[PDB]
Structure formats: C-alpha cells, structure tokens
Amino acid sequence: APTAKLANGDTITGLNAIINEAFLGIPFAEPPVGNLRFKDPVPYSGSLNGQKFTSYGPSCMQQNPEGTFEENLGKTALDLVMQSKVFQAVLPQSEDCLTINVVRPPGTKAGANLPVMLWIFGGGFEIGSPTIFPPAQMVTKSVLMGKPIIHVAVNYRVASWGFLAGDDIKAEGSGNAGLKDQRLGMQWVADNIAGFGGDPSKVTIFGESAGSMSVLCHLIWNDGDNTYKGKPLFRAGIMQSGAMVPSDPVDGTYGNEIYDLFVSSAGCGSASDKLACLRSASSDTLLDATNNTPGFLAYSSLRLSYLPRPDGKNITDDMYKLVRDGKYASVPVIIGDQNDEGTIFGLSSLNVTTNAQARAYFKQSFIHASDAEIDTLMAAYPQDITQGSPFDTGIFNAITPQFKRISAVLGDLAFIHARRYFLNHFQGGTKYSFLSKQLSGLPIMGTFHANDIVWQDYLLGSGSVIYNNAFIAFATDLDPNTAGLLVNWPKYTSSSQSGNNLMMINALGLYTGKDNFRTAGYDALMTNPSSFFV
C-alpha cells in the first residue's frame, strides 16, 4: 500500500485508489473539544506510526443553513435531513475534526517534488468539509497534462466552533479559530509534504467562496508575513469567488450580538465566565444553540453569523484597508467569479417586494450605511428588473420586483466588486482574473454561485479548462498560459486598463472581455467599503 514518512519519522499508510493514492483523515491538531473549544488549535503531539489513513474523517460540526432563532418550515426540513441516520452515515460530523488529506498521482514517490494545490473548502464559514470536494478530477488532469500535482485538503472549524466572536473571544486572543486551523494545516504541509512527494516551496493555496475569502485572509494574515521557519508558506493563490471579508472587528456590534444570542441559547446567560460555561456544555447543546442563530440561507442571508473578522492580532484591521495599505504577502494570484453569484442568496428575501421594503432590508443588513449611502446604492442598483441578476435576462427571472436587484447587490459586495477592488489595489504579484458565463440562460439562477465546483470536481464542462487545466498550470509554472489554452489569458493590471483583461467562459469555450461593468455599483459600494460591512 502507499506509504509516507512524516517529519517526525512516523510511517503512515494510505489507499491505492488506482486513479490516485490517498492519505485521508490525518490528525494535525489536538481535538478542539471541551476546554479547547474556540481556542487556537494545538499541534498534534502523538505518534501515528504504523497507522492507516484510507477514508475521510468526519466533518467539523455543521450549522443548519436555514438555522435561525425564528421557527419555519425550511429550518425544520433541513434539520430533519441533517439529523437522519442516512445523512449521519454518509457525512458524519464531530468536534474532533481537525484532519488533513493528501491525494497524489499514482506511483508518486517521496522526493518527487511535485507542486502542491492546497484546497480550502467553502461553505459560508458554516458548513462544508474536504469530503465533498473530490480531488480526483484535478489530479487525473494534472497527470494527463504532464504537470502532475498533489492535492491537499485541510479541514477547519466552521460556524460557532470556528468563528465565535464578541468581546470575550477578543480579550482571550481566540478570534478566527477556523483560519488558525487552516494556517496550522499550511504549516503541517511545510513540515510534512516532502515525504509524500510534494515540494513545500511550491504550494498554491486555493479555495472557493468562503475558501476563496480564506485565501485572501491568508494573504493579509500577520500583515502579510507568510513566513514559517524562514520560508514562505505558499507561493501563489487562487480565489474562486471571494476576496476581502467585508466585516467589522471581532468585538464589534454583530459579533457581540451573535455571541450573546449563542450564549443565551446554550444556557449560559447567567454565567460570569461565559466562555467556560460554553466549554462545559454538551456537544448537542452547542449544536442546538448554533442552529438558533441565523444560517447563510436564512433571511439574514450573507450578513453571516460566523465569518472572519479583524481581531487586531492576526487580522490587524479592516481587510479592505489592509489591501489598500499593502499589508499582504507578495505572490501571483488568480481571482475570478461566476456571473450571477448573488442569485441563490436572493432567494432568502423573497418577502421583500417593494422599494421601501428593499430599502429597509438594505438598512438592516448594512448597519453602518447612511441614508445618503443607501440612496446611492439604490440608484446604482435600480428596481428595473432588466438590470439585476441573472444579468442580461431582461424581464425574465422576476420572482419578485426586487429579487434580481437584491441578488445583484449581494453578488457584487460579497464577491464581484470585492474582486475588482482587490485587483485594483493588490501589487504583490502578477494577477489573472476570470468571469464565467458558462450557464447563461439557466432559469432563476444563471451562472450561479459555486457552479464551478461541479466543473472542477464532478463533471467535465467548458469551464473545466480553467478550473482544472489553467489552475494546474498556474500551480506548476506560475502562469496559467502554460496550459496551452485556446485563448491567451491576459494579465490584469486595473479595471481602467485599455485592453481585455478578463478570461471569459461560456458554454462553448473561452474568450476575453473587460472588467468595466456596473461601475456605478462599484462606486456606491467601494468608495467607503466599511459603510457596507457586517
């Protein structure tokens, strides 16, 4: 069977899956249970010598995406699904979840020095795990290209377990636990991947949605010092939908509001030492308490209950400011979007149908925005159903008179104009950007959020030449054009540059275009980004 020697000299065994060799479920941290809840992960101390790693371990605990303090049929439906024996059997969860997964080409030996693609899964900072992002399609393609890579997927804590915030968390130094899980995994790769056939000096970190925003967070982490034992932890990044998190600090308003609701819901409202009270609760009590706070499909939508926040320590400030001010690691990057990122999320506010109600939803969601800033937003993103998302669909997809508008705002603030802001300010390396229109015409959803996961991990489609081939080429050669694409991918310098600067995808293939759309919306959101933070 496949084997590998770890840094400490432990020899572990993996799975010959014929199409790849997999070392799955390797612990990299002590179980963050009991009194270690919410805290920085502790490096794994024991020996793994002679053990077998041939199946994925459990996910970290998962929040109901329709969780909320309200009662409703959607919360109930997903709860029944996620609690079923059937679900629990296929996708088990546990607080003892800090595992890492290494999947390499067949026959790869220690010393192969292959480039490493280190995947950070996305799930709203509230669900997901490595288990549901199969690496085989990427690994197999890499071999076919003559550019073999090793895929590494790190598990990290989500929801309350990973992103609890508020004053107590800040004062203890425990902000952004799940990002610290990711970071420790990156360090694990630095120290251990060589014995699997990987080159620790050729790690590309990549992720989608919350995983893409995590990649950004890794760029600005420790004001962009990405060094470990004197060497950079990664040499490139790929961001599939998401850059800066538009978030207030850990000890800000909504981090404390969620913390107070979580504490109360967990039965710890009378405690003088609330974090100790939480650490003492049963796992079920914390799960129920988490599901009593909004999940990312609830009405609150992308005003997330759990997400990375500046903590004044490892994320030292407003992430837009960090990028503006140069506080990032210097690496080349790819960053891109799906055309209609916001549509799934717009399905969460379908009781908002009038202009006045849309205004009230925006004001509830954007607690820092002035009436004048909301006016500017609502001028830039008008009710006119032809101008919203799914873009370029005219009078189609009008579920309500506001759905396409709300979708457009959501998609641009959370992902598409966030990307443009990043690209206009980031000078740390060569930049490439894409915009997919692969599913134009798909009713209601359009080219929706995370469809790229399908084409990257599950099926072959026109976009697979980007999500697999170009990304492998980038990870290998720091240039996606060594993939031999049928269209040259131009470098991105700014949204004002004279020529085409986006790699575009449609159902029939590749072409190029410009990042010069919805400029009024960009100006409304990005003149003062912190006015639209959550």
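Numbering starts at 1 and follows the sequence shown.
Review point. Which of the two stretches, 78 to 86 or 126 to 134, shows the higher mean Cα temperature factor in the record?
Key: Between 78 to 86 and 126 to 134, it is 78 to 86.
Practice item. Would you tell me which stretch averages the higher CA B-factor in the PDB entry, 309 to 317 or 337 to 345? Key: Of 337 to 345 and 309 to 317, the stretch with the higher C-alpha B-factor average is 309 to 317.
Exercise for review: For the C-alpha B-factor as written in the entry, point me to the maximum among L216, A210, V409, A372.
Suggested key: Spelled out: the listed residue with the top C-alpha B-factor is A372.
Review point. Going by the deposited entry, which of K180, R303, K141, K170 has the highest CA temperature factor?
Key: Answer, based on the entry's C-alpha B-factors: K170.
Check your understanding: C-alpha B factor of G441, ranked within the chain: lowest, middle or highest third?
Key -> It belongs to the middle third of the chain when residues are ordered by C-alpha B-factor.
Practice item. Quick one: classify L485 as lowest, middle or highest third of the chain based on its Cα B-factor. Key: Top third by C-alpha B-factor.
Practice item. Would you check the entry's CA temperature factor for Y361 and let me know if it's in the chain's lowest, middle or highest third? Key: It falls in the middle third of the chain.
Review point. Among the chain's modelled residues, which third holds the C-alpha B-factor of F426?
Key: It belongs to the highest third of the chain when residues are ordered by C-alpha B-factor.
Review point. Ranked by Cα temperature factor within the chain, is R235 in the lowest third, the middle third or the highest third?
Key: Tercile = lowest for this residue's CA B-factor.
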